[PDB]
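The next block holds one structure in the form of structure tokens; read it before the comments.
All chains are named by letter (A, B, ...) in the order of the sequence lines, taking the proteins before the strands, and each is independently numbered beginning at 1.
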Amino acid sequence: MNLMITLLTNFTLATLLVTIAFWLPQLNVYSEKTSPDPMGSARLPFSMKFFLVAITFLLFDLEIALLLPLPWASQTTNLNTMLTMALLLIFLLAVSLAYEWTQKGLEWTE
Amino acid sequence: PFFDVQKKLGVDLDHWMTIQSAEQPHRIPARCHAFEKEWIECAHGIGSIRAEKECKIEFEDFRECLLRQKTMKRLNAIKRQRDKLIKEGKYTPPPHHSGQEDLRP
Amino acid sequence: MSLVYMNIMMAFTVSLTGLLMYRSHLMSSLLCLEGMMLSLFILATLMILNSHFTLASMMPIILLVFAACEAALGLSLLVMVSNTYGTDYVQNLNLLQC
Amino acid sequence: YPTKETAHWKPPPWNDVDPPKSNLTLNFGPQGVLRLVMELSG
Amino acid sequence: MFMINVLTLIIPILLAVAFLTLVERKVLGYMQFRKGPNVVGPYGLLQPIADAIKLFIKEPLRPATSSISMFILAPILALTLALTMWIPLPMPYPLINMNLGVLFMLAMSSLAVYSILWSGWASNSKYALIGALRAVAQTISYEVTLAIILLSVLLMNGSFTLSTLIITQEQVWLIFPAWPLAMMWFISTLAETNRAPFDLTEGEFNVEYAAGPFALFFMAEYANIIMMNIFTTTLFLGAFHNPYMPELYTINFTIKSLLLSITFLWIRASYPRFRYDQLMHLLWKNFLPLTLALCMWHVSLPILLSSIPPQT
Amino acid sequence: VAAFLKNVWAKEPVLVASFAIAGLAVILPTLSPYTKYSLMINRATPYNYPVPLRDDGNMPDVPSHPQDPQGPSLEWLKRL
Amino acid sequence: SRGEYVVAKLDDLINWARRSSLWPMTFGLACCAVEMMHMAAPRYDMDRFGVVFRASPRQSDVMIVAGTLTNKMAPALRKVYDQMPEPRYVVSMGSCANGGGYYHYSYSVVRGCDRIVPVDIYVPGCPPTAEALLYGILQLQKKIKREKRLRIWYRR
Amino acid sequence: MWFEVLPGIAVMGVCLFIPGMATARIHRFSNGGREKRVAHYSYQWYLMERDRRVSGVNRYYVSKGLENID
Amino acid sequence: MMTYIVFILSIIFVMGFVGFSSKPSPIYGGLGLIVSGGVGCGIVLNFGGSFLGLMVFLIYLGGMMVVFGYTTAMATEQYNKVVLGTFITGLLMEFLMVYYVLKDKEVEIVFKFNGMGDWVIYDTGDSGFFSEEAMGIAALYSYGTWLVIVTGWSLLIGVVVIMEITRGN
Ligand SMILES: CCCCCCCCCCCCCCCCCC(=O)OC[C@H](COP(=O)([O-])OCC[N+](C)(C)C)OC(=O)CCCCCCCCCCCCCCCCC
Ligand SMILES: CCCCCCCCCCCCCCCCCC(=O)OC[C@H](COP(=O)(O)OCCN)OC(=O)CCCCCCCCCCCCCCCCC
Ligand SMILES: CCCCCCCCCCCCCCCCCC(=O)OC[C@H](COP(=O)(O)OCCN)OC(=O)CCCCCCCCCCCCCCCCC
Ligand SMILES: CCCCCCCCCCCCCCCCCC(=O)OC[C@H](COP(=O)(O)OCCN)OC(=O)CCCCCCCCCCCCCCCCC
Ligand SMILES: CCCCCCCCCCCCCCCCCC(=O)OC[C@H](COP(=O)(O)OCCN)OC(=O)CCCCCCCCCCCCCCCCC
Ligand SMILES: CCCCCCCCCCC1=C(C)C(=O)C(OC)=C(OC)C1=O
Ligand code: SF4
């Protein structure tokens, strides 16, 4: 309840500041501006490499999502199994990184 | 095809997450542990065809523990009759159902 | 049953019919598909937290991860479509009628 | 059995490979001083 | 009374962000054998006030926006996420004491790239969109080592509770068992906030915003800078906490966080920029393999030493 | 095995430190004498209630009071 | 009156904030760019006056035309000038920006930048020194200090 | 010289000292001159709500000791 | 009103899906799914699933919808009746459901649903010094061995498959 009040207060302060930034200098009666970029009007060329680094982020972030219960998982009684599976998850993240390396996936954004 | 590799090789690949009555971490019971244990111990070994008619009481108990539909229907009836008697002025709530009695412990 | 399950199931069916009635884009289709996955996450989570079935609390995370990986696959499929026609329009995917 | 609807269908190519059916030009102008016309391939 | 506490959080954040700009211009001045601002105020203290009044009465730049709604929402989201990263911060008591404050901060910092992305698409410039995609890919790249380094350090904490992280460091600073994680953390948080030598937004996305909303993006970015320095201070340089005198902890973490923010200011006046592929090479081929190796080491290390921290 | 190791430490020291730290993380819990104490501390942390047993008549090793001598002891945890 | 006092104090406030936070966009055309780079150097240090070093042309407050304006770049100068938000000011630095200078009778030189943009401060020299350019910037600040935007708005 | 940057650092340091000092004094004022009760776990919440019921003033922080038993 | 808050969040949740199931544009669709993920996270938080809700933020929103908006911003070059009609259709269906289940305390679209607030179905005990949800997620490494093997293998194969099908060779 305190957190919802805090979030609402921060959103209200941000919206108030954004409204003051978008409406206080509108009251200036300066002048109408007649006829208000490196590429002129060409279409945006699709970069395969930006999409590749985004999907590599998504997959390694999923592996991070598997790694996130480890400070709680160190408290278990089956520690040999836990340690094996934790090292196996970080090892499979490293194998994902090594395969991303050696098949030229980390290139021109290395 | 149900190639029961787990029972053949003696490994436990996915039986632990199967039911709520299984071995939980730190011995946490589910909210319907007793009902599911009774339904499983009723319906064990006798087959599904016999189990649908010979364990109907345990399964209705366990389903009504899970979803609480009869419980919520009874609470709906009690609360709606209470609201009708409040609207008609035939009833008043007690002081201990208003917040003026300094709860027990 | 409980009243929040009504809204989570109806959200799943809304995103179903959005995923079952395309307009033009494949990206809007994948958005409806991941809305379906999100509603499944919420519904499985509310069941498992309701019944206090402890071991299934790792279940929706798995339901996230696989399906999020699934989304990655679909995005790459979309990109290959957008590396042929310039758009992700589903009406350009009709070369297999004959 | 070609009908009126399935009459504009030609058979698919023999190797089943279809024909696929430009690089970016930037103007880093004056905005010492220098104008540049870049032909970039990514 | 809680609303007074929220105000005494969020208004001094804005004031410290306002005077961080003066401290940046002064510290970059003296490191460049010149002075910073010393004319507008006594010792320059009225320079941010003059500059804020200047920006709020400057003409609106009036762009042709692609989407009006996301053009409005990107400063709103940037400021809201810049302010909500402070509420679990234990100093020595947070505003919102929660069990998962670390994961909350990692989540609300993961949400910060939508402001960059919406501001880039809401501008009609394709060049601004390319710059926004580069900045988003950079930030989501370094969030990977943020998450993994942060997990590896919290394997010594026992929980995601930020208040437990002070109890963790009552005998030693946590930089002594984890200085390689500390230095990769420090460079990764330097790369989170688009901060030099990782500022490719200044090297040749929100250039279509007027002076007001661009100032709001700027102050959200400096709130993130102060916040990540405070979070690094709590995370690796945990101060002494006497519960009967909390101001000892407050003075101590304030001095350490000021030194760490000055260290950001001191890095930006020392190095040239990376090329974009060079910091991609820095993440994926230098920081992430060592981060995974140290994650294995900090998984296996409390087990081999019998130093597993408590769950509670 | 000797020139190759110095070569990869000269060219790519980040990767050598990576595989060295990961190799120590793999092998060293199997060689550490303190790995057993992690197990013994985690199983000695009482999250639940020690639900007592009905004294049927023959349980010589189960105590009747917590301060009785018989039962599990944690003097190894205090001393170490 | 009372409202005249209010518009006087608000003019003093907004003129203080506008002269104490000048953000320049410097056209580095020619040799005068070197002397602007000395006006940013540690001896003279524009940054201690609130005058930042190299603001972007869409958030800058004053355009310093520092060098020779040719015919090939005069539409680019006018484009950058039109893209500045108001209040925008123009400092003309050096003889070629002022009146053509040593290239006044040339076929390819705009005879002063004031044929292209409205100029506020003409800073004379070849090049004017960094101290003389800083003199021109402080004279621009004094010109902003006596602006009467709200007093004339109140009297209209 | 280099001590000219110190007024701005002092202003910024006071502005960072305000939130923690303020939340510490507010947590002492709103909780009877003590720390705020950390209830991260449901046992801690159970004890805190038991305190709220055993105080009689609907407040968890008003403590009752041996004077409340006979 | 406050005892129905999860229900109210769930209504916003359904509204959020009509924010993108009508499919206005994939960027407005992305924004609608972000707001939907936030409110559904709040629903998860209000049964006590804090870690699962922060997975909805960190992995679903901050991880994956980032990539959706990223890939979408690399398409649909920057500048309906059916959209607004389908939107108000789904909205009126949902508010008719609200009105029915609030005037009857019972509804049946496909299943029977109660009309009281969903606070009633909760448990009246404590979990001690652990979250049962946190310990069930910590159980992934001790009890969940086969699940970790197949999930890590599927993610490794996912990396391999993404690199194969995007190479074009
Ligand atoms: C929290 C407080 C602050 C923390 C410290 C940080 C303050 C200092 C900041 C200085 C300014 C930095 C500006 C940005 C610089 C960015 C560039 C950069 O540094 O790139 C990193 C560089 C990048 O490499 P590079 O580019 O320099 O080298 C060339 C690399 N190749 C060949 C691939 C092209 O180095 C790293 O990535 C190192 C990261 C940290 C390493 C930690 C190792 C710890 C030791 C482990 C054990 C080793 C022994 C072996 C095993 C023994 C077992 C017993
Ligand atoms: C948590 C703490 C945060 C602190 C933040 C702020 C830090 C700096 C605080 C201010 C330090 C001193 C500032 C002095 C500014 C210069 C004032 C001055 O001399 O103005 C002179 C001017 C003209 O006066 P005139 O009468 O013409 O003089 C001729 C004399 N024969 O007359 C005028 O200009 C009119 C008078 C203007 C007065 C303005 C004063 C500054 C206001 C700044 C805002 C913050 C206030 C302090 C907040 C914290 C303390 C409560
Ligand atoms: C485009 C739209 C506008 C964009 C700008 C604004 C939105 C984006 C920025 C704001 C993001 C809000 C995030 C809200 C939830 C954050 C997660 C959270 O609440 O975690 C903290 C805490 C978990 O810690 P714990 O200690 O376990 O809980 C106390 C019990 N021991 O959990 C709690 O303490 C739980 C408290 C009760 C439940 C709170 C529910 C809050 C309301 C729902 C979500 C609000 C945001 C919806 C939109 C998000 C869009 C991204
Ligand atoms: C068994 C332990 C656990 C192992 C798995 C966990 C690893 C944790 C760290 C994660 C690593 C992920 C990334 C791995 C990628 C490996 C492939 C690679 O990088 O090959 C290329 C590299 C030469 O670099 P190049 O291609 O030229 O780069 C261009 C810039 N010059 O080639 C090289 O630099 C050669 C790399 C191979 C040889 C490294 C030898 C290190 C030995 C350290 C001491 C012994 C440690 C014990 C373990 C040994 C395992 C082999
Ligand atoms: C009803 C009547 C009143 C109407 C409303 C007005 C309320 C009060 C507003 C503030 C004061 C207005 C007067 C402004 C200054 C006027 C006098 C002046 O210009 O003094 C000049 C003096 C410095 O002299 P200078 O010309 O710079 O010399 C160069 C060095 N030899 O300058 C100085 O010494 C410094 C001047 C500082 C100006 C005041 C401080 C800044 C404004 C603070 C309040 C507004 C902003 C609040 C916070 C915003 C967000 C941070
Ligand atoms: C009302 C609260 C403050 C609103 C924000 C305005 C003041 C802070 C930002 C201004 C600013 C300063 C001081 C500044 O120094 C600067 O240059 C580095 C900027 O541009 C990149 C700025 O935007
Ligand atoms: S006025 Fe003279 S010194 Fe100055 S830029 Fe022109 S040619 Fe060079």
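- Surrounding NZ of B:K84 are more than 12 heavy atoms belonging to other residues, nucleotides or ligands, all under 6.0 Å away.
- Only the side chain of B:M72 comes within less than 4.5 Å of a heavy atom of chain C; its backbone N, CA, C and O stay farther away.
- Counting non-hydrogen atoms of other residues, nucleotides and ligands closer than 6.0 Å to CZ of B:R63 gives a total of 12 or fewer.
- Atom CG of B:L67 sits about 7.5 Å away from atom OH of C:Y5, to the nearest 0.5 Å.
- How far CD of B:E36 is from CZ of C:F53: 7.5 Å, rounded to the nearest 0.5 Å.
- Among the residues in residues 57-94 of chain C, those with a non-hydrogen atom closer than 4.5 angstrom to a non-hydrogen atom of chain B are C:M58, C:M59.
- The greatest number of non-hydrogen atom pairs below 4.5 Å with chain C, out of B:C65, B:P25, B:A22, is found for B:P25.
- Distance alone, capped at 3.5 Å, is enough to place a donor-acceptor pair between the B:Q24 side chain and the C:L55 backbone.
- Only the side chain of B:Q69 comes within contact range of chain C, judged by heavy atoms closer than 4.5 Å.
- Of residues 14-21 of chain C, no residue lies under 4.5 Å from chain B by any heavy-atom pair.
- Counting heavy-atom pairs closer than 4.5 Å to chain C, the top residue among B:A30, B:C32, B:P29 is B:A30.
- Between the side chain of B:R31 and the main chain of C:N50, a donor-acceptor pair closer than 3.5 Å is present.
- The 12-atom threshold is not exceeded at CD1 of B:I49, counting heavy atoms of other residues, nucleotides or ligands nearer than 6.0 Å.
- Applying the 6.0 Å contact sphere to NZ of B:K53 captures more than 12 heavy atoms from other residues, nucleotides or ligands.
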